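One structure below.
Any read-out appearing in this document is the output of simple, stated calculations on the displayed coordinates, not a laboratory observation. Reconstructed Cβ throughout: ideal geometry from the backbone, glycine too, with neighbour counts over all protein chains shown.
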Amino acid sequence: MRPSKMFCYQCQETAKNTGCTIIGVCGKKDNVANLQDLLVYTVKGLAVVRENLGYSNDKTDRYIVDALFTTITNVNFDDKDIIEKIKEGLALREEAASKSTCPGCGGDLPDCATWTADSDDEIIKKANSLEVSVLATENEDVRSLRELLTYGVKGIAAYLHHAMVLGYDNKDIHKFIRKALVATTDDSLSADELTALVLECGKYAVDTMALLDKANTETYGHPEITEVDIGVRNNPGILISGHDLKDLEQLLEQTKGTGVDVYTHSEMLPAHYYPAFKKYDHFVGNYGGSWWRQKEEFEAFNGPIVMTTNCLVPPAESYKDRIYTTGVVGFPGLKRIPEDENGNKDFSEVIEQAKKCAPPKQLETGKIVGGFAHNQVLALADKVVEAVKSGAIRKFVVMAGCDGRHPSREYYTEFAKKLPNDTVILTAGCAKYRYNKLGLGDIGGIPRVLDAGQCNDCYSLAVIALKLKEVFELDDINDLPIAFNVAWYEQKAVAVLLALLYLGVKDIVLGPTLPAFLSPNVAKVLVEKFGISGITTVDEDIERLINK
Ligand code: SF4
Ligand code: SF3
Ligand SMILES: [Mg+2]
Ligand SMILES: [Mg+2]
Ligand SMILES: [Mg+2]
Ligand SMILES: [Mg+2]
């Protein structure tokens, strides 16, 4: 028997920073949480069986990343959809096991690789079992390392999903995903071995973000400096949220000539920086702020909303009838975008509904400038280097990552406002919405907020830093005039963090709280070896990061 109805602590908003045990703060109900645990368990067992075979295939690789992504915060609240994904994984595992060359020989397999269920009732019973819970790992430090690795792997999986959607892949990354999953089932490993896998997860996070950067830029062009409207026009619109640029491509193609405009929301803002989307005159602008304001902003938008990935919050009744899910997203009673076997999506029902809607309510007017991904910044490298050498830019501050609901995140807005006028903020991810409309101006034409894009575009921030390290002939990335004051919420941010640690970045400030899934001993290593610190007060952190 489980000791509580559920247990989940994977996001920054976990109850009391110790764990959601009755209902998720995010709205994930206990039955859904337990089914997500079973989906992860099923994926681990599939990984075991494929690793025993010695090879995988494309359908298994895609299933694994999609199943992991299904369990990221604010992606899927639909117990029925999670049950079908569990059944799909069991079928793939049973198919794989039927191909074994040594039926019986391999040492006793873990229960995740052999459990079965022939009805939804039996699936639900297994989901409610102790063995699938996070707390099944009894030692606190092993549990912390296993969960930290798992959440990093979920972040990798999400980015790899998007690359695969675009026709890109890297089987070495999938191999690592399977290795890491299997490691969490292996009681022979020491904490040092798990620590090494966490660092390796950072290595593969860099490789995955490199692959997604390649996929997005080869498909849609390199981001370029762009002014994005944050006001509204006078036509019915469709609002697209999340991160999938291929969904946007198809939505724009299908809305051309219809009288329905398209707007972006939250992590779709960076689509406006890509040449392939800038070409459409009905692509109006970015509506609203980050994900956590969506109940009010989706209502005010009046038109339909298409959610391509996280973050989805349980919808208000006012717009439930006009919000659609695609990809791995799910919520009971929300309509899906129809999709064929080749990944082509049909937005016809959305467009017909949009034509009947009022235009969006104006929330604000003005522009956001962005598009400073790696190609664009490297094209300005002489100007950037000259400003560093003259002291016109004294420090860069990476404030990338995720936004969220906690009012403690007012810290990030006030930190940005208190930064001296010779500093530049480098950003990516929806954390940007705490400071991207502040009107901070420019330094010799270089804006004081440089938005490289989506959270995956932290890759560009790394590429930029490594280019500056080479230009200045420095042996250590940390010798650059760069500070890190990163905000996190969901598991892609864990992958980004691990990527930065693998790249050698020290003294990161991580906030607005530190994860619940770090045990005291694991947190101590992060502090002592990597210099990780939580936020304090704006004034104290400006002093320690900028003025000392
Ligand atoms: S995803 Fe976050 S808020 Fe939701 S149940 Fe897990 S820890 Fe709680
Ligand atoms: Fe891609 S950054 Fe992480 S929190 Fe939900 S959309 Fe935001
Ligand atoms: Mg061993
Ligand atoms: Mg190539
Ligand atoms: Mg309404
Ligand atoms: Mg329906």
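May I ask you to say which residue of 159, 204, 151 is within 16 Å of ligand 1 (Cβ to nearest atom) and either out of contact with any helix residue (DSSP H, G or I) (no Cβ under 9 Å at 6 or more places or on another chain) or in a helix (DSSP H, G or I) (or both)? So the residue among 159, 204, 151 that is within 16 Å of ligand 1 (Cβ to nearest atom) and either out of contact with any helix residue (DSSP H, G or I) (no Cβ under 9 Å at 6 or more places or on another chain) or in a helix (DSSP H, G or I) (or both) is 151.
Do we have any residue at all in segment 214-227 that's out of contact with any helix residue (DSSP H, G or I) (no Cβ under 8 Å at 6 or more places or on another chain), under 18 Å from residue 436 (Cα atoms) and of a type outside the set (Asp, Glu)? For segment 214-227, residues out of contact with any helix residue (DSSP H, G or I) (no Cβ under 8 Å at 6 or more places or on another chain), under 18 Å from residue 436 (Cα atoms) and of a type outside the set (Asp, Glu): absent. Considering only segment 502-521, state which residues are crowded, with 20+ Cβ neighbours inside 10 Å and under 23 Å from residue 546 (Cβ atoms). Within segment 502-521, 505, 509, 510, 511 meet the criteria. Quick test of your reading of the structure: residue 220 fulfils all but one of (1) under 20 Å from residue 163 (Cα atoms); (2) crowded, with 21+ Cβ neighbours inside 10 Å; (3) not hydrophobic (A, V, I, L, M, F, W, C). Name the failing condition by number. With respect to (1) under 20 Å from residue 163 (Cα atoms); (2) crowded, with 21+ Cβ neighbours inside 10 Å; (3) not hydrophobic (A, V, I, L, M, F, W, C), residue 220 is out only on (2). The C-beta contact set for segment 138-159 (first residue closer than 17 Å to residue 63 by Cβ, second residue surrounded by fewer than 24 Cβ atoms within 10 Å (Cβ to Cβ) and acidic (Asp, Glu), distance under 9 angstrom, 6+ apart or interchain) comprises 156/207; 157/66.
When residues of segment 316-331 are filtered for being more than 16 Å from ligand 1 (Cβ to nearest atom), out of contact with any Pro (no Cβ under 6 Å at 6 or more places or on another chain) and touching a residue at least 24 places away in the same chain (Cβ under 8 Å), how many remain? Let's see the steps before the verdict.
Filtering segment 316-331 for residues more than 16 Å from ligand 1 (Cβ to nearest atom) gives 316-327.
Right, trim to out of contact with any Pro (no Cβ under 6 Å at 6 or more places or on another chain) and you get 316-321, 324-327.
In the following step, the residues that additionally are touching a residue at least 24 places away in the same chain (Cβ under 8 Å) were identified as 324, 326-327.
Residues in segment 316-331 being more than 16 Å from ligand 1 (Cβ to nearest atom), out of contact with any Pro (no Cβ under 6 Å at 6 or more places or on another chain) and touching a residue at least 24 places away in the same chain (Cβ under 8 Å): 3 in total.
The numbered conditions (1) farther than 18 Å from residue 158 by Cβ; (2) within 16 Å of ligand 2 (Cβ to nearest atom); (3) touching a helix residue (DSSP H, G or I) at 6+ places or on another chain (Cβ under 9 Å) are all true for residue 324 except (2). Going through (1) out of contact with any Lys or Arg (no Cβ under 9 Å at 6 or more places or on another chain); (2) among the hydrophobic types (A, V, I, L, M, F, W, C); (3) over 28 Å from residue 333 (Cβ atoms) one by one, residue 268 falls short only on (3).
With surrounded by fewer than 18 Cβ atoms within 10 Å (Cβ to Cβ) and under 27 Å from the mean Cα position of the chain (by Cα) as the only criterion, which of 380, 363 stands out?
On inspection, the qualifying residue turns out to be 363.
Scanning segment 288-321 for residues that are assigned to a helix (DSSP H, G or I) and surrounded by fewer than 24 Cβ atoms within 10 Å (Cβ to Cβ) returns 292, 293, 295, 296, 297, 299, 300, 320, 321. None of 461, 440 is outside any helix (DSSP H, G or I) and within 20 Å of residue 393 (Cα to Cα) except 440.
One residue stands out among those in segment 448-471 that are touching a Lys or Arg at 6+ places or on another chain (Cβ under 9 Å) and among the hydrophobic types (A, V, I, L, M, F, W, C): the one that is nearest to residue 508 (Cα to Cα), which is 455.
Give me the residue from segment 54-81 that is charged (D, E, K, R) and assigned to a helix (DSSP H, G or I) and, out of that set, nearest to ligand 1 (Cβ to nearest atom). Spell out how you get there, then give the answer.
Filtering segment 54-81 for residues charged (D, E, K, R) gives 58-59, 61-62, 66, 78-81.
Narrowing further to those that are assigned to a helix (DSSP H, G or I): 58-59, 61-62, 66, 79-81.
Numbers: 58: 29, 59: 28, 61: 25, 62: 24, 66: 18, 79: 14, 80: 19, 81: 16 Å.
So, considering only residues that are charged (D, E, K, R) and assigned to a helix (DSSP H, G or I), the one nearest to ligand 1 (Cβ to nearest atom) is 79.
Under the condition of being among the β-branched types (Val, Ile, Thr) and under 19 Å from residue 519 (Cα atoms), which residue from segment 186-207 is farthest from ligand 2 (Cβ to nearest atom)? Restricting to residues being among the β-branched types (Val, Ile, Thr) and under 19 Å from residue 519 (Cα atoms), the top hit is 195.
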